[PDB]
Amino acid sequence: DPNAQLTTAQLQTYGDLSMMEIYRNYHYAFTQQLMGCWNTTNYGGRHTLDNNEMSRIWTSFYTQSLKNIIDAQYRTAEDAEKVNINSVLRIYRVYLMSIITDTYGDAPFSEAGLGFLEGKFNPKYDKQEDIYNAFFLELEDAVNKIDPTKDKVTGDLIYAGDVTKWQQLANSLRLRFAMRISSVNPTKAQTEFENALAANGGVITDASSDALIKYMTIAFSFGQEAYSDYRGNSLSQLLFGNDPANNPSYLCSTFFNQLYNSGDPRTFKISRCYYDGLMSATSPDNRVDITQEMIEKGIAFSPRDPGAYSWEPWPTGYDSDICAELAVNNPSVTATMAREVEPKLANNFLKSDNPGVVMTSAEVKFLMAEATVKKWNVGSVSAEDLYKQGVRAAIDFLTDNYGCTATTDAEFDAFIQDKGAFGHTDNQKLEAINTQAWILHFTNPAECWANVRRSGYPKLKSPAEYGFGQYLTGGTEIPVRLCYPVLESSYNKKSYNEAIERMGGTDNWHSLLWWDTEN
Ligand SMILES: OC[C@H]1O[C@@H](O[C@H]2[C@H](O)[C@@H](O)[C@H](O[C@H]3[C@H](O)[C@@H](O)[C@H](O[C@@H]4[C@@H](O)[C@H](O[C@H]5[C@H](O)[C@@H](O)[C@H](O[C@H]6[C@H](O)[C@@H](O)[C@H](O[C@@H]7[C@@H](O)[C@H](O)O[C@H](CO)[C@H]7O)O[C@@H]6CO)O[C@@H]5CO)O[C@H](CO)[C@H]4O)O[C@@H]3CO)O[C@@H]2CO)[C@H](O)[C@@H](O)[C@@H]1O
Ligand SMILES: [Mg+2]
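Now for a look at the structure at hand. (Residues numbered from 1 in each chain as written, not as in the entry; some residues may be left out. Chains lettered and ligands numbered in written order. Heavy atoms only, no water. Residues with missing side-chain atoms left out of burial classes, pairs and counts.)

Of the protein atoms, only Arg-453 (O), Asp-516 (OD) and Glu-518 (O) coordinate the magnesium ion (ligand 2), at distances of 2.0 to 2.1 Å. For the magnesium ion (ligand 2), the donor residues sit on a single chain with the sequence spacing R-x62-D-x1-E. By relative accessible area, which is 4% here, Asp-516 ends up buried. (Donors = N, O, S within 2.8 Å, 3.2 Å for Na, K, Ca; no water. Buried < 20%, exposed > 50% of the residue type's maximum accessible area, 1.4 Å probe, protein only.)

In structure tokens form, the structure reads like this:
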């Protein structure tokens, strides 16, 4: 059933426990948002190339999510009484394919998943440039073929079948991809962006049309059954951890310092310092929050520089009154804190029912701001006002979707009028926009990495510059793509050879993707 296929594809987006490892291992290190967890530091933190780890997106999407949606799109393409489910499938196929190409570059798309349908195996790799062409034509046509008088969409965990919102999402995705190609093809970028604003339905203009995959409140399990269970947010499960006491989600200094040093209200909504001596083995219950105690006693937060483990360098701790008091009736507790002074990801982001973020109004505000700085014709609102509106929506996103404490007007105004302020020069504005997007995209690591590479903001430095150069087996520079699966070079040989021929025979994670014009 086409509608059922949509449900599963959507669940499989953040629900696949197997695939979400790639984000913990590589992405969150490359974006320098998490660091210290063994998996994050070893792989992305110290540029350890592992083909199995790098091919998780490819394998997962081409064997499950995208394969299914391609099949469902195909069976509904020629049926005028199924134009809504068809259009929706086409929009989601674009979204899922965007994650593939923004990871690896050239990939099967046009010929993808046509094994049993057309008897066409060994699909060719479409050029990234052509994939992006296809994204604009597919989203434009999907938007124009939507018709609320036709079929009802019954399996949709994002908008519950509201096809008007799917129009808004499609046109917002056009905005995203327009701005992605804004360095490599400036004129096309501008046209596509302007066309998207003018299209039927418009774009996502406030949070009520944010594209969030709803996930279920379900227990974290790492047993075998869990790897075919997509009902819960598996990225959140992983950031809690298979090894949650030894290897939780410690924040990277780049991200923590950005928040802390800018007086960002979200510093201690996103991160806290926890003692986990009594923490549950399979959920983030019974953690001792020591953040306020550390501030009162004047204890230095010690976030992990890129390349550092939680244990290297070993931090300076203190003796906790809170933990000493808790030790009286809980004798297993110790009062001496060590790695607890290293900020960790807040409990709010460690829930199975955390949404799977596809795209937000906050991002749209930022794309619009950047468009206005580039002097595109995108309306009457000032860049600054758009920027201000995006930062606000990005702060409020945490309140509305993760039950974080509300940020007051006065708190927001203090931040935005000081170190959160918009730039004056073009470069300062682009920096501010894309640094702020960086923070927003923390729960959308696919998009977070794509935009850091594309925008060049924030300016990140190699782990080498933090004293970890001796461990970098895969080279100095932060990888800007992932290499193709060995499976592909083995069993899709002709198509693979054709693809690597276009990169001078290389298949290297330091080769810039077509939309990424500089390191
Ligand atoms: O000096 C002053 C003070 O010192 C104090 O002592 C300190 C000391 O100073 C420190 O140096 C020391 O540091 C220790 C630290 O305590 C240890 O925790 C650390 O241990 C790491 C260890 O975590 C790590 O383990 C990982 C394994 O290596 C991996 O193989 C394993 O991989 C997992 C993976 O995590 C998981 O995701 C994966 O899932 C599979 C999926 O991929 C697949 O798709 O599906 C299948 C099922 O279908 C899944 O299984 O599975 C794999 C398993 O195959 O992850 C492990 C982590 O989760 O290994 C590292 C090296 O191998 C270890 O180092 O080591 C540090 C040292 O290096 O700590 C002490 C304190 O104890 C003094 O006490 C003070 O007095 C002094 O003042
Ligand atoms: Mg770049």
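Attention now goes to the packing of helix 1 (residues 2-15) against helix 6 (residues 83-104). Interhelical geometry of helix 1 versus helix 6 gives an angle of 25° and a closest axis separation of 10 Å. Taken as axis vectors, helix 1 and helix 6 run roughly parallel relative to one another. By crossing handedness, the relation of helix 1 to helix 6 is classed as left-handed. Between helix 1 and helix 6, the residues in contact are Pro-2, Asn-3, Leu-6, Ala-9, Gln-10, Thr-13 and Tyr-14 and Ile-85, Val-88, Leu-89, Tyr-92, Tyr-95 and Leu-96, respectively. Its residues assigned to classes, the contact of helix 1 with helix 6 comprises ten nonpolar, three polar and no charged. (Axes fitted to C-alpha atoms, helices over the stretch in contact; angles between N-to-C directions. Helix = DSSP H or I, 4+ residues; strand = E, 2+ residues; numbered from the N terminus. Parallel < 35°, antiparallel > 145°, perpendicular 65-115°, else oblique. Left-handed = near helix turned anticlockwise from the far one by under 90°. Contact = heavy atoms within 4.5 Å. Nonpolar A, V, L, I, M, F, W, Y, C, P; charged D, E, K, R; others polar.)

Ligand 1 sits among 14 residues. The nearest are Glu-21, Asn-39, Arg-56, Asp-243 and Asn-247. Here an oxygen atom of ligand 1 and a side-chain polar atom of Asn-39 are 2.9 Å apart. Bound to the protein, ligand 1 loses 40% of the 1300 Å² it would expose on its own. Those elements that place two or more of their residues in the shell around ligand 1 are helix 2 (21-30) and helix 3 (38-45). Taken together, the residues that form the shell around ligand 1 break down as four nonpolar, five polar and five charged. (Near = heavy atom within 4 Å. Polar contact = N/O pair within 3.5 Å; in protein donor to acceptor, adjacent residues only side chain to side chain. Areas by Shrake-Rupley, 256 points an atom, 1.4 Å probe, with all protein chains shown as cover.)

Here we come to the side chain of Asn-25. Topologically, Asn-25 is positioned in helix 2. One polar contact links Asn-25 to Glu-53, side chain to side chain, over a distance of 2.6 Å. Sequence-distant contacts of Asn-25, defined by excluding residues within four places in its chain, comprise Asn-39, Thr-40, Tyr-43, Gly-44 and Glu-53.

Once that is clear, we can look at the packing of aromatic side chains. Counted by the stated rule, this structure contains 38 aromatic pairs. Residues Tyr-484 and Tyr-496 carry aromatic rings whose centres are separated by 6.0 Å and whose planes lie at 75° to one another, so their mutual orientation is edge-to-face. Linking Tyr-484 in the loop between helix 20 (445-455) and helix 21 (486-491) with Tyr-496 in helix 22 (residues 493-501), this pair joins segments that are twelve residues apart in sequence. The class for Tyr-484 is buried, based on a relative accessible area of 3%. Owing to a relative accessible area of 12%, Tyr-496 belongs among the buried residues under this scheme. Among the aromatic residues, those joined into a cluster by ring pairs are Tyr-28, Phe-255, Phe-349, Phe-397, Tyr-402, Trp-438 and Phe-442. In this structure, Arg-180 is placed above the aromatic ring of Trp-515, and the distance from its NZ or CZ to the ring centre is 5.5 Å. The side chain of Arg-392 reaches across the aromatic face of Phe-412, ending 4.7 Å from its centre. (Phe/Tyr/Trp six-rings, centres within 6.5 Å; stacked < 30°, edge-to-face > 60°. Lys NZ or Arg CZ within 6 Å of the ring centre and 35° of its normal.)

Tracing the backbone through its elements, the reader meets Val-452 in helix 20. Measuring from C-alpha to C-alpha, the distance between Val-452 and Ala-29 comes to 12 Å, with 423 residues separating the pair along the chain. In this view, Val-452 contacts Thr-31, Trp-438, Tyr-457, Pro-458 and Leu-460; residues no more than four positions away in its chain are not counted.

For the rest of this paragraph, the subject is the packing of helix 9 (residues 163-180) against helix 20. Direction vectors running N to C along helix 9 and helix 20 enclose 35°, while the axes themselves pass 10 Å from each other. Every residue of helix 20 that contacts helix 9 at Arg-176, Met-179 and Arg-180 is listed here: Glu-447, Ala-450, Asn-451 and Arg-454. Broken down by class, the residue content of the contact of helix 9 with helix 20 amounts to two nonpolar, one polar and four charged.

With that settled, the discussion passes to unusual backbone geometry. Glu-312 connects to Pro-313 through a cis peptide bond whose omega is 5°. For the peptide bond that leads from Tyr-457 to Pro-458, omega is -5°, which places it in the cis range. Inspection of the secondary structure puts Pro-458 in the loop between helix 20 and helix 21. With phi around 55°, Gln-32 is a residue other than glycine that occupies positive phi space. A relative accessible area of 1% means that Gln-32 is categorised as buried. Although it is not a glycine, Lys-375 adopts a positive phi angle of roughly 70°. Secondary-structure assignment places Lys-375 in the loop between helix 16 (361-373) and helix 17 (383-402).

The next subject is the state of the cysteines. Disulfide: a covalent bond formed between the sulfur atoms of two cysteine residues. Under the definition given, this model contains zero disulfides. Of all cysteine sulfurs in the structure, the one in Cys-252 sits closest to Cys-448, which takes part in no disulfide; the separation is 11 Å. Judged by its relative accessible area of 1%, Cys-448 falls in the buried class. (Disulfide = S-S within 2.5 Å.)

Moving on: the pattern of salt bridges. All told, the structure shown has 30 salt bridges when counted by the stated rule. With its nearest N and O atoms 2.7 Å apart, the salt bridge here joins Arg-176 to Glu-363. Pair noted here: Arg-176 is in helix 9 and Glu-363 is in helix 16, with a separation of 187 residues, a long-range link. What makes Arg-176 buried here is its relative accessible area of 2%. Of the residues examined, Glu-363 reaches a relative accessible area of 3% and is grouped as buried. In this structure, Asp-409 engages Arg-392 in a salt bridge whose closest nitrogen and oxygen atoms are separated by 2.9 Å. Residue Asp-409 is found in helix 18 (residues 409-416), and its partner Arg-392 is found in helix 17; the two are separated by 17 residues along the sequence. Residue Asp-409 is classed as exposed on the basis of its relative accessible area, which comes to 51%. (Salt bridge = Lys/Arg side-chain N within 4 Å of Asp/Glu carboxyl O.)

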